[PDB]
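K.L.:
Please see the structure below; I have some questions.
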Amino acid sequence: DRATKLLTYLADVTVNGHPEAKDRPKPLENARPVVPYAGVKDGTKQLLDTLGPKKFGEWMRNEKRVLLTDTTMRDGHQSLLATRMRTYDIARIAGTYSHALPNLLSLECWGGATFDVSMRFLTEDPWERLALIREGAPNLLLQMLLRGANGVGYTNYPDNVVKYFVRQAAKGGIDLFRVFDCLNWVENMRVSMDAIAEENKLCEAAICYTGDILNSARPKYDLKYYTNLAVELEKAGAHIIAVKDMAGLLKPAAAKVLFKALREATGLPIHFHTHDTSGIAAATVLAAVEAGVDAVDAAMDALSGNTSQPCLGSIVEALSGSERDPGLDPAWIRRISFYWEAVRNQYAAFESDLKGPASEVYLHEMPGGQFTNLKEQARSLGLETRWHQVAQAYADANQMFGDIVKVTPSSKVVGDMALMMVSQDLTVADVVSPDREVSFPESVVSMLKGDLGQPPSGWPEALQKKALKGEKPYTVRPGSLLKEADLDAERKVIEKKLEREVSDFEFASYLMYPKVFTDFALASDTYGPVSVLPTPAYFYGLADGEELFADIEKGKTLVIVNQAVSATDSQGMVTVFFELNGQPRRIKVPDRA
Amino acid sequence: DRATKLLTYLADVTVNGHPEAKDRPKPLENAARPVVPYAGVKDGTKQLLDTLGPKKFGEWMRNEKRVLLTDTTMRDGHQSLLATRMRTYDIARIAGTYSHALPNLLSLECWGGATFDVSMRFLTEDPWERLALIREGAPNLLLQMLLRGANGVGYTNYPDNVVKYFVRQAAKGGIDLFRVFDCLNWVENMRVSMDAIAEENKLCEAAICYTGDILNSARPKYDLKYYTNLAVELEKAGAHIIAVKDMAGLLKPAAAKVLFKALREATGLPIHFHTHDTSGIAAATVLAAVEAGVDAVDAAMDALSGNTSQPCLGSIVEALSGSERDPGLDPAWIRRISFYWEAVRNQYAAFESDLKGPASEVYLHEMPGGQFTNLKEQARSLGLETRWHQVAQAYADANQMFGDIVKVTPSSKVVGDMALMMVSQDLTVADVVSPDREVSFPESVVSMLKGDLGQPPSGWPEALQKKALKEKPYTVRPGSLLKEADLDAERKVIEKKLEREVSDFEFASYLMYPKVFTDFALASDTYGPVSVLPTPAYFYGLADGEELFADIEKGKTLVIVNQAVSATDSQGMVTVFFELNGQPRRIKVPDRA
Amino acid sequence: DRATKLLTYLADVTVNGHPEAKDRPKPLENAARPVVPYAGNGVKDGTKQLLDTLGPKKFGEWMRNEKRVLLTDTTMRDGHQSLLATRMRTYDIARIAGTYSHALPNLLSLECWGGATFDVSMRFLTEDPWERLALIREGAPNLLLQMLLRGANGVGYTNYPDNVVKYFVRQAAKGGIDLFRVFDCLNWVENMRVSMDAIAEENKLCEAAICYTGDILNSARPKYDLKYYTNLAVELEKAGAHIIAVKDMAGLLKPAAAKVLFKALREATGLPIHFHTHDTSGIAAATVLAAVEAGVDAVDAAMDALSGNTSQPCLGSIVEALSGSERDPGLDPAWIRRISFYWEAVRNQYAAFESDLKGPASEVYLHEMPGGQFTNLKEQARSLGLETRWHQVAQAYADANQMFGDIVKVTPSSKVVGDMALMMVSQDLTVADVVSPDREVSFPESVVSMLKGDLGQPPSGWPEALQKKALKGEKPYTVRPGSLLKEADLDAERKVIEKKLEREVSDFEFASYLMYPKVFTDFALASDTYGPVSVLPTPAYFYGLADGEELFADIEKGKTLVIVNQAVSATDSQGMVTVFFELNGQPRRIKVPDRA
Ligand SMILES: N[C@@H](CCCCNC(=O)CCCC[C@@H]1SC[C@@H]2NC(=O)N[C@@H]21)C(=O)O
Ligand SMILES: N[C@@H](CCCCNC(=O)CCCC[C@@H]1SC[C@@H]2NC(=O)N[C@@H]21)C(=O)O
Ligand SMILES: N[C@@H](CCCCNC(=O)CCCC[C@@H]1SC[C@@H]2NC(=O)N[C@@H]21)C(=O)O
Ligand SMILES: [Cl-]
Ligand SMILES: [Cl-]
Ligand SMILES: [Cl-]
Ligand SMILES: [Mg+2]
Ligand SMILES: [Mg+2]
Ligand SMILES: [Mg+2]
Ligand SMILES: [Zn+2]
Ligand SMILES: [Zn+2]
Ligand SMILES: [Zn+2]
């Protein structure tokens with residue numbers, strides 16, 4: 001029966017294709033990824049277990065070598081492939097990291113858009129993904145990106161929901177939480193931060209970088225701004241401070257000044273995250289290293305550059321033989337990169353048309369992980385030919401909102417405003433004007449009400465009046481207004497709707513994404529453990545006479561040969577003929593054409 | 001096991017088409033399956049012959065006032081319009097209906113002619129099986145064959161003991177009435193077949209082939225006396241019936257008034273008239289013959305009548321209805337059987353010629369009806385489609401060059417070969433017989449001029465014979481020269497080549513057509529009793545998801561559904577997925593493309 | 001401008017195809033064009049000079065006394081009407097007339113006009129039936145030209161005022177018709193007189209036809225017996241006929257009946273007898289030869305290439321059967337064959353319009369469908385989705401006949417039994433249903449019309465009960481339809497068509513408007529747009545010109561245009577396509593719409 005359900009998925013996708021891939025570019029008809037051939041050395045996970053998060057932070061600070069986080073399994077494909085990377089390809093390589101690169105600080109492999117996209121577009125459970133990475137890499141810290149009060153969502157959730165999710169995240173295998181607020185509002189971070197400390201995990205509290213500290217004509221986001229936030233985050237209980245440069249705006253000279261001041265303002269270790277949209281982010285990471293930074297993020301070469309992180313292999317190689325040499329074997333970095341390259345070839349459907357570095361990024365400030373999603377939304381609205389006016393709008397809308405930190409979900413709001421402006425030919429002067437009528441997007445109404453928080457100088461008065469159209473704003477923390485969710489009764493609703501008990505993890509999914517989770521859980525009961533399928537089989541099914549080996553449970557491999565596919569019958573059904581371990585099986589599926 | 005072989009055939013033809021039908025016109029898709037009408041049976045001419053014997057039966061025919069009818073639909077009808085491609089399945093299934101509905105019929109012409117070899121070579125079916133099914137369906141009617149005298153059912157001369165052997169088997173197989181003819185109207189060559197049919201106590205109906213025009217005084221060679229003498233000669237040779245075989249449909253009404261009055265005066269034997277409707281007036285000649293006392297006439301069912309076939313049975317009967325000689329056939333039943341044949345005919349669209357209607361051109365060329373369409377294609381084969389009227393002029397020229405000879409299988413084919421060559425190479429009667437013009441004749445023209453088909457009245461033309469042979473000719477009977485074949489030896493040969501014993505019938509097939517029989521036997525061993533398949537299935541296999549009912553045998557229907565067809569694999573094989581009586585079956589056949 | 005107009009036609013059909021041919025089977029690709037047989041001396045006087053000399057009355061006497069059987073060739077009319085939906089073009093028909101004239105000068109006549117040709121020429125072939133007649137008259141000045149004329153219906157399907165019927169006949173004679181075969185669909189002699197008199201006023205031959213139906217040798221069907229026919233022959237003589245025809249439209253006359261019928265007709269009247277039949281049965285030649293044996297004066301046949309099945313039986317083979325006999329027609333068989341080969345090559349161009357008829361059918365003695373309707377009714381059936389139940393329709397046609405009183409079925413009465421049969425199958429009605437009290441039925445317009453009396457009267461009248469139910473309160477009439485019709489105002493209606501066309505018209509065109517106002521109007525506007533497309537050879541008319549194809553078009557007697565299709569543009573932003581022609585060496589560009 002589990003095997004029968006799988007055959008049903010393979011039939012369906014063989015006959016009808018997959019909605020996300022069928023109408024997009026295909027992989028070359030030509031070679032599956034090969035896991036390189038190799039107990040594992042204890043690493044940062046064991047140390048953290050030994051020391052506890054606070055002392056583990058001190059250890060990082062005192063460590064001379066720069067510490068490396070690999071982002072390939074989350075930000076890398078979030079930024080380059082619409083986050084469509086699958087568990088099968090991610091989990092299959094964890095053991096290789098574990099054996100080959102046991103010195104790594106952490107694998108960023110969770111949170112961001114992965115939680116949402118796994119269930120919705122990939123038909124898979126993010127919690128199972130985490131558990132398979134945990135088992136494959138028992139010696140490395142597993143790191144997630146946590147959106148503070150938004151969790152893994154796009155809306156501010158109630159305090160008890162936020163706390164419940166963090167508890168399950170830590171139970172599921174998360175050792176290191178990078179937590180941020182999209183307005184750098186420390187008050188909105190305290191609930192998350194406290195909950196991370198209560199699970200006795202690493203709270204790496206992030207400060208989002210924007211502007212240019214070395215440009216005295218933008219004083220709002222100056223050095224003092226960052227050094228103060230660092231100090232405040234320490235008082236709030238951070239184990240580590242992160243600079244999250246989501247748009248890749250930090251320049252080398254600025255890094256040199258920033259990381260020095262930061263390490264003088266707080267004793268906590270500093271972790272630096274950036275994107276390579278400019279084509280020079282590697283120079284910034286290196287400058288940060290020269291200036292004492294304790295840890296940096298990079299992506300494997302094959303999923304690096306442009307809107308992703310800068311090249312991990314080339315950064316390591318730049319540091320090779322130096323005092324701060326991170327002690328990672330370049331031959332193994334290459335082998336792993338060659339794996340990800342062959343992996344990436346399978347996701348041709350989701351490539352963007354980004355051709356290289358663009359200094360334009362310093363003008364628009366679009367986050368790396370948003371840039372391509374937003375280019376799609378603009379195509380969607382017939383704007384493809386006017387992309388450069390969109391980027392100009394985004395920068396204009398930013399100034400109109402008071403010049404703000406733009407990261408998920410504040411970035412999406414500027415996005416929605418920018419798109420509207422271009423579509424309807426509206427200038428800043430018109431959007432605010434009293435004599436021009438404007439129906440603002442639900443996201444802009446929401447933010448201007450105070451649903452995402454408060455910037456330094458509040459929100460601009462006049463823009464806020466016209467937007468709310470009678471509504472009274474609020475300036476307090478959103479979670480302080482929200483009602484503690486009835487958890488026992490919220491559980492009953494989902495358990496009644498699935499006609500079965502659920503696990504604590506599944507309930508957490510439901511709290512974050514009730515509709516996505518529900519739809520996903522009903523799909524799972526139909527199609528089975530489709531995450532065990534190789535990626536070409538998942539997206540395109542099986543060719544006539546093609547043989548597939550799939551491991552259903554740990555013990556047992558299923559041998560599936562697609563022998564033949566019928567025409568559509570009078571009742572609208574197609575019959576796919578299979579061999580399962582040398583036994584014949586027919587499976588009927590609907591012709592969705 | 002016969003089932004597995006049937007599935008092998010159905011798969012083989014579904015995947016590759018039938019070679020005879022693949023590249024030709026297709027029946028209309030909507031297509032109504034032919035429907036056998038709904039109805040012991042009245043004793044008829046079979047029981048009469050069984051009571052009276054052949055001589056007494058001939059007397060009975062003679063004394064009968066009503067004109068007796070032979071239906072030719074089963075044989076000459078489709079030989080002449082559909083290149084003899086009609087299948088046992090469609091033929092046998094209506095036999096019982098003839099038996100119940102038209103019990104007064106003299107006979108069913110259903111065997112001999114081109115059917116014998118065409119069934120095996122082109123339809124993968126045994127002609128003896130066909131005969132026995134008609135016998136079992138029509139136990140009350142005479143079954144009639146066409147026998148080519150010394151040629152048996154071949155195109156060549158066979159030893160006397162072989163001719164004797166084949167007639168014996170044909171009698172065992174169910175043939176009651178033997179129409180026997182010689183291609184030059186030479187009685188000496190007819191003497192053995194006639195003795196063999198008498199020795200087996202069946203009806204010897206000795207035919208005289210009609211050619212020329214008795215009422216034109218500028219053509220004396222084929223005057224009335226020629227035919228009256230040949231009638232008396234064939235009576236002295238022991239005929240029970242005399243036939244006038246007007247192979248090319250050259251007999252005109254006025255000539256019929258004279259010929260048949262004179263014939264019945266010359267002999268006490270009954271007379272049987274066979275013609276073809278190429279001129280579009282042969283029904284007039286038939287009606288004139290009736291009005292002049294002829295005892296029996298041939299017609300074909302409406303739906304397979306006209307043009308190069310026999311004239312319309314239904315309309316003839318209808319013209320006689322109520323007259324002194326009315327044949328006592330129910331017109332409503334002729335109509336119903338004709339509606340059956342119409343639907344059957346539609347299945348054989350692949351084999352329809354382009355013949356538009358009547359042609360008085362027939363009086364010039366004298367091509368037999370049953371050859372006309374064969375030769376038009378043979379000329380198409382040699383790229384002559386565009387000069388068909390020159391080929392027709394060449395056939396008439398050749399005829400005169402050979403001395404104004406009787407044209408019919410196989411002498412007709414000889415003249416055909418000569419005409420085709422003459423046109424190909426732009427050659428006249430003057431060129432073909434010129435002293436200084438080096439030709440290379442067909443292997444059939446030499447053969448004829450040698451003496452292999454026998455002797456015409458005046459012999460062969462001296463000059464045209466020398467240039468053709470180069471080799472002394474013989475004037476004697478061909479069978480007097482052919483050594484008596486060792487039957488016990490030739491039977492051990494075929495039984496070794498097939499590694500199994502054969503029936504007496506099968507050995508007679510071998511004697512007539514060693515190559516075609518050998519190939520058919522082998523194909524039968526591979527594909528099974530394919531003759532039980534309905535005609536669409538036999539020529540085109542099964543549509544995707546199509547359900548066939550086949551009666552592998554009288555006590556057993558099989559239910560066969562084509563559920564799917566695989567792609568061609570790396571061995572070049574194709575797998576067809578059947579459901580046979582509810583059970584999955586997998587048949588591999590080569591991709592012949 | 002005439003040339004420019006032709007180019008316009010050629011561009012249009014090249015780009016868009018012809019509506020009649022586009023989606024139908026295509027002729028073979030290579031195709032030898034029809035070759036007109038070479039003749040070079042004058043033409044022997046024939047029946048045309050005889051009628052001019054004697055007048056019709058003395059001509060009929062000459063026919064009667066003439067020992068040899070006389071022949072009418074119907075290939076130019078009934079032949080293709082029956083086999084090719086009457087789609088045969090003037091170009092192919094006129095080109096052989098001269099050959100008939102030089103090579104078969106003993107023919108009684110050429111049946112070359114009337115029937116469906118008048119209508120179809122204009123509507124489906126964009127040509128003028130008068131131009132056709134005139135071109136045939138020019139090419140065969142020694143043979144009688146013969147038409148089928150439908151009596152009260154002219155060359156139409158409706159009934160017309162007397163003065164219009166007369167006016168048409170007058171133009172037909174001016175246009176070149178010598179021999180009018182005139183018939184009434186119910187054999188109602190009263191309905192023929194106006195026609196018969198018009199023909200006599202024009203001093204042409206009036207061949208009054210008796211349509212044959214049933215079986216005179218079947219006493220279980222007395223209504224249509226021997227004397228029914230001999231009495232009509234007598235009344236037609238009294239009414240001024242020069243010749244009596246037996247018009248066996250369905251090919252139902254059998255050989256033994258012909259033997260009795262023609263011996264009797266010759267005894268009953270002093271007029272010559274002329275026999276027309278069809279070969280649907282596959283034995284009509286036998287009936288023709290029986291009629292000759294029994295003394296008939298003339299018979300109709302079709303050239304071999306267009307003979308058989310629903311057409312006439314085979315001219316060449318019939319002539320061959322008579323060769324050397326007492327009544328030998330004196331027609332060279334070799335020339336019959338050469339002319340048949342020409343028609344064969346002609347016919348290959350019309351593959352689009354071939355029916356799927358396989359051969360003879362004794363079924364014809366059941367349904368009694370006319371030969372020149374059989375195929376047309378078979379399309380109607382297909383149209384209504386009834387291809388698969390054709391034999392049901394045929395059974396219903398025979399059922400509908402007996403319900404109507406067992407009538408004569410021929411244009412336009414046959415058209416009405418068709419419509420009734422077609423309705424009966426669709427809606428699964430028996431005869432008992434159609435005449436039922438408690439079953440409401442919406443009859444065809446044509447059937448309401450017939451039972452009212454717009455087609456005239458059969459001998460025993462219409463069935464009372466069935467007429468009540470069909471009319472639904474409408475009072476019927478039994479008088480001659482034309483006696484109730486207001487005399488058309490010919491001066492005023494001439495002004496109407498001349499106003500609509502913004503030009504004066506000819507007497508002939510006017511006669512066409514009177515018969516078919518709508519069709520003629522449409523054809524006259526089409527001609528103003530497209531010019532004299534009748535002069536194009538047939539492949540070019542139906543399929544235009546292939547890429548790079550050179551065509552020689554005889555735009556008139558003197559003058560030949562050389563036309564090459566050099567290129568065809570894509571469809572432009574206004575939905576137009578430009579065809580680049582060379583015309584006599586000069587570049588020309590014609591824009592036509594993309595009709596896709
Ligand atoms: N368009 C949706 C996203 C849905 C895409 C993937 N669908 C699922 O995960 C549901 C599971 C069942 C769908 C399978 S996939 C291929 C086979 N082919 C089909 O068309 N359906 C089945 C969104 O925007 O939310
Ligand atoms: N080309 C041959 C005529 C042979 C045609 C029919 N063949 C036989 O009777 C032999 C056995 C059947 C072969 C089957 S038929 C359909 C399936 N499709 C194929 O292409 N071969 C197999 C001649 O000229 O003699
Ligand atoms: N469908 C009409 C019959 C009309 C058929 C012939 N058409 C005409 O006679 C109109 C004159 C010009 C039309 C030409 S033909 C080819 C070119 N292609 C076209 O589609 N139109 C022009 C009916 O049933 O009444
Ligand atoms: Cl959701
Ligand atoms: Cl052989
Ligand atoms: Cl009209
Ligand atoms: Mg350090
Ligand atoms: Mg007798
Ligand atoms: Mg006479
Ligand atoms: Zn990032
Ligand atoms: Zn024959
Ligand atoms: Zn007619």
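By convention here, the chains of the structure tokens are called A, B, ... in the order presented, each chain's residues are numbered starting at 1, and ligands are numbered starting at 1 in the order presented.
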Considering only C-alpha atoms, extract the chain A residues located within 10 Å of chain B and return them as JSON, numbers by chain.
P.N.:
{"A": [543, 544, 545, 546, 562, 563, 564, 565, 566, 567, 568, 569, 570, 574, 575, 576, 577, 584, 585, 586]}
K.L.:
Go ahead and save the picked residues with N, CA and C atoms, as a tab-separated table (two decimals), in the first residue's frame.
P.N.:
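Result saved to selection_36.tsv:
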chain	number	residue	atom	x	y	z
A	543	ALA	N	10.30	7.35	-18.05
A	543	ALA	CA	10.15	7.03	-19.48
A	543	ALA	C	9.75	5.58	-19.68
A	544	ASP	N	9.27	5.26	-20.87
A	544	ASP	CA	8.84	3.89	-21.19
A	544	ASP	C	10.02	2.93	-21.02
A	545	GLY	N	9.80	1.85	-20.30
A	545	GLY	CA	10.85	0.91	-19.98
A	545	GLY	C	11.92	1.40	-19.01
A	546	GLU	N	11.70	2.51	-18.31
A	546	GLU	CA	12.73	3.03	-17.39
A	546	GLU	C	12.65	2.30	-16.03
A	562	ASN	N	8.52	1.32	-15.35
A	562	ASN	CA	7.39	1.78	-16.14
A	562	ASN	C	7.38	1.06	-17.50
A	563	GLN	N	6.50	0.07	-17.65
A	563	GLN	CA	6.48	-0.72	-18.89
A	563	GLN	C	5.72	-0.05	-20.06
A	564	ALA	N	4.66	0.71	-19.74
A	564	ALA	CA	3.72	1.22	-20.77
A	564	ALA	C	2.61	2.11	-20.20
A	565	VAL	N	2.08	3.00	-21.03
A	565	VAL	CA	1.00	3.91	-20.64
A	565	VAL	C	-0.10	3.88	-21.69
A	566	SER	N	-1.34	3.67	-21.28
A	566	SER	CA	-2.48	3.60	-22.20
A	566	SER	C	-2.88	4.98	-22.70
A	567	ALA	N	-3.64	4.99	-23.78
A	567	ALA	CA	-4.50	6.12	-24.13
A	567	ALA	C	-5.49	6.41	-22.98
A	568	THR	N	-6.18	7.55	-23.11
A	568	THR	CA	-7.23	7.92	-22.18
A	568	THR	C	-8.48	7.14	-22.53
A	569	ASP	N	-9.12	6.55	-21.52
A	569	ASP	CA	-10.34	5.79	-21.73
A	569	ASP	C	-11.55	6.73	-21.74
A	570	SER	N	-12.73	6.17	-21.96
A	570	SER	CA	-13.97	6.95	-22.05
A	570	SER	C	-14.35	7.62	-20.71
A	574	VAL	N	-6.29	7.19	-17.37
A	574	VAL	CA	-5.14	6.59	-18.04
A	574	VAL	C	-4.57	5.48	-17.16
A	575	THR	N	-4.22	4.36	-17.78
A	575	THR	CA	-3.67	3.22	-17.04
A	575	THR	C	-2.17	3.11	-17.32
A	576	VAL	N	-1.37	3.21	-16.26
A	576	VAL	CA	0.08	3.00	-16.32
A	576	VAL	C	0.45	1.60	-15.84
A	577	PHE	N	1.21	0.87	-16.64
A	577	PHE	CA	1.57	-0.53	-16.36
A	577	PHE	C	2.99	-0.57	-15.82
A	584	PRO	N	3.71	-7.79	-11.76
A	584	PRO	CA	3.01	-6.79	-12.58
A	584	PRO	C	1.93	-6.03	-11.82
A	585	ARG	N	1.85	-4.72	-12.05
A	585	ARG	CA	0.85	-3.85	-11.44
A	585	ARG	C	0.31	-2.79	-12.42
A	586	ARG	N	-1.02	-2.65	-12.47
A	586	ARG	CA	-1.70	-1.57	-13.20
A	586	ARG	C	-2.11	-0.45	-12.22
K.L.:
Within 9 Å of ligand 12, counting only C-alpha atoms and all ligand atoms, which protein or nucleic acid residues do you find, written as a tab-separated table (two decimals) with N, CA and C atoms, in the first residue's frame?
P.N.:
chain	number	residue	atom	x	y	z
C	74	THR	N	-26.43	12.06	-73.74
C	74	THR	CA	-26.76	12.83	-72.55
C	74	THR	C	-25.56	13.17	-71.66
C	77	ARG	N	-25.31	16.60	-69.99
C	77	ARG	CA	-26.31	17.03	-68.99
C	77	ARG	C	-26.58	15.96	-67.93
C	78	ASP	N	-27.37	14.95	-68.25
C	78	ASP	CA	-27.83	13.99	-67.24
C	78	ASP	C	-26.66	13.16	-66.71
C	79	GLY	N	-25.69	12.90	-67.59
C	79	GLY	CA	-24.51	12.11	-67.28
C	79	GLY	C	-23.78	12.62	-66.06
C	81	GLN	N	-24.83	15.34	-64.14
C	81	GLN	CA	-25.87	15.56	-63.14
C	81	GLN	C	-26.04	14.34	-62.25
C	82	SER	N	-26.04	13.17	-62.86
C	82	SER	CA	-26.24	11.94	-62.11
C	82	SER	C	-25.00	11.47	-61.39
C	115	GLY	N	-32.41	20.73	-66.74
C	115	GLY	CA	-32.19	19.97	-65.52
C	115	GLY	C	-31.48	20.88	-64.52
C	148	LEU	N	-33.83	19.44	-70.98
C	148	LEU	CA	-34.93	19.00	-70.12
C	148	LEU	C	-35.62	20.24	-69.55
C	247	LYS	N	-39.96	8.73	-70.07
C	247	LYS	CA	-38.90	9.22	-69.20
C	247	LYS	C	-38.89	8.30	-68.02
C	248	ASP	N	-37.95	7.35	-68.03
C	248	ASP	CA	-37.81	6.36	-66.97
C	248	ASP	C	-36.74	6.87	-66.03
C	249	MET	N	-37.12	7.87	-65.23
C	249	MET	CA	-36.15	8.61	-64.39
C	249	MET	C	-35.44	7.78	-63.34
C	250	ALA	N	-36.07	6.69	-62.91
C	250	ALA	CA	-35.47	5.83	-61.89
C	250	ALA	C	-34.89	4.54	-62.45
C	251	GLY	N	-35.02	4.34	-63.76
C	251	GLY	CA	-34.50	3.13	-64.39
C	251	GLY	C	-35.28	1.91	-63.95
C	276	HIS	N	-35.94	7.40	-72.57
C	276	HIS	CA	-34.89	7.81	-71.64
C	276	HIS	C	-34.96	6.99	-70.37
C	277	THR	N	-33.82	6.42	-69.97
C	277	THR	CA	-33.73	5.69	-68.70
C	277	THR	C	-32.37	5.84	-68.00
C	278	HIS	N	-32.26	5.21	-66.84
C	278	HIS	CA	-31.03	5.19	-66.02
C	278	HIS	C	-30.68	3.74	-65.65
C	310	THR	N	-26.13	5.35	-61.67
C	310	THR	CA	-27.20	6.33	-61.70
C	310	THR	C	-27.31	7.14	-62.99
C	311	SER	N	-26.31	7.06	-63.85
C	311	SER	CA	-26.36	7.71	-65.15
C	311	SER	C	-27.16	6.86	-66.16
C	312	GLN	N	-27.05	7.22	-67.44
C	312	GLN	CA	-27.57	6.40	-68.54
C	312	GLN	C	-26.68	5.20	-68.74
C	370	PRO	N	-35.24	8.46	-58.34
C	370	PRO	CA	-34.64	8.85	-59.62
C	370	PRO	C	-33.13	8.76	-59.59
C	371	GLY	N	-32.53	8.45	-60.73
C	371	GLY	CA	-31.08	8.38	-60.84
C	371	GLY	C	-30.38	9.71	-60.60
C	372	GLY	N	-30.93	10.79	-61.13
C	372	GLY	CA	-30.31	12.10	-60.97
C	372	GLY	C	-30.59	12.76	-59.62
K.L.:
Between atom CA of residue A:424 and atom CA of residue A:364, measure the distance and give it in Å to one decimal.
P.N.:
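Distance reported for this atom pair: 19.8 Å.
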K.L.:
At a cut-off of 9 Å, list the chain B residues touching chain C, using only C-alpha atoms, as a ChimeraX atom specification.
P.N.:
/B:30-32,215-216,252-254,279-285,287-288,302-307,311-316,318-320,322-323,331,334-335,338-339,342,356-361,363,386,389
K.L.:
Which chain C residues have any atom within 10 Å of an atom of ligand 6, and for each, what is the nearest pair of atoms with distance in Å to one decimal, counting only C-alpha atoms and all ligand atoms, rows sorted by chain and number, as a tab-separated table?
P.N.:
residue	atom	partner	partner_atom_place_in_ligand_line	distance
C:119	CA	ligand 6	1 (Cl)	8.3
C:123	CA	ligand 6	1 (Cl)	9.2
C:156	CA	ligand 6	1 (Cl)	8.7
C:157	CA	ligand 6	1 (Cl)	9.8
C:512	CA	ligand 6	1 (Cl)	9.2
C:513	CA	ligand 6	1 (Cl)	7.8
C:514	CA	ligand 6	1 (Cl)	8.7
C:515	CA	ligand 6	1 (Cl)	7.1
C:516	CA	ligand 6	1 (Cl)	3.5
C:517	CA	ligand 6	1 (Cl)	4.7
C:518	CA	ligand 6	1 (Cl)	3.9
C:519	CA	ligand 6	1 (Cl)	4.3
C:520	CA	ligand 6	1 (Cl)	6.7
C:521	CA	ligand 6	1 (Cl)	8.2
C:522	CA	ligand 6	1 (Cl)	8.9
K.L.:
Please find the residues contacting ligand 9 at a distance of at most 10 Å between atoms, with only C-alpha atoms and all ligand atoms counted, and report them as a list in words.
P.N.:
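Using only C-alpha atoms and all ligand atoms, I find these residues within 10 Å of ligand 9: residues 60, 61, 62, 63, 64, 65, 66, 67, 68, 69, 70, 266, 271, 272, 273, 274, 292, 295, 296, 297, 298 and 327 of chain C.
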K.L.:
Residues within 12 Å of residue B:154, please, as a ChimeraX atom specification. Count only C-alpha atoms; anything in the same chain fewer than 5 positions from it doesn't count.
P.N.:
/B:112-118,146-149,162-163,166,409-410,508-514,516
K.L.:
Please identify all protein, DNA and RNA residues within 9 Å of ligand 10, counting only C-alpha atoms and all ligand atoms, and report them as a PyMOL selection string.
P.N.:
chain A and resi 71+74-76+78-79+112+145+244-248+273-275+307-309+367-369
K.L.:
So how far away is atom CA of residue A:195 from atom CA of residue A:167, in Å?
P.N.:
7.4 Å
K.L.:
What does the list of residues within 9 Å of ligand 11 look like if you count only C-alpha atoms and all ligand atoms, written as number ranges by chain?
P.N.:
B: 72, 75-77, 79-80, 113, 146, 245-249, 274-276, 308-310, 368-370
K.L.:
Rounded to one decimal in Å, what is the spacing between atom CA of residue B:593 and atom CA of residue B:528?
P.N.:
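Atom-to-atom, atom CA of residue B:593 and atom CA of residue B:528 are spaced 23.2 Å apart.
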K.L.:
As a list in words, please: every protein or nucleic acid residue near ligand 1 (cut-off 8 Å, counting only C-alpha atoms and all ligand atoms).
P.N.:
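Checking only C-alpha atoms and all ligand atoms against ligand 1 at 8 Å gives residues 9, 10, 11, 12, 13, 14, 15, 16, 17, 18, 19, 20, 119, 120, 121, 122, 123, 124, 516, 519, 520, 523, 524, 527, 538, 539 and 592 of chain A.
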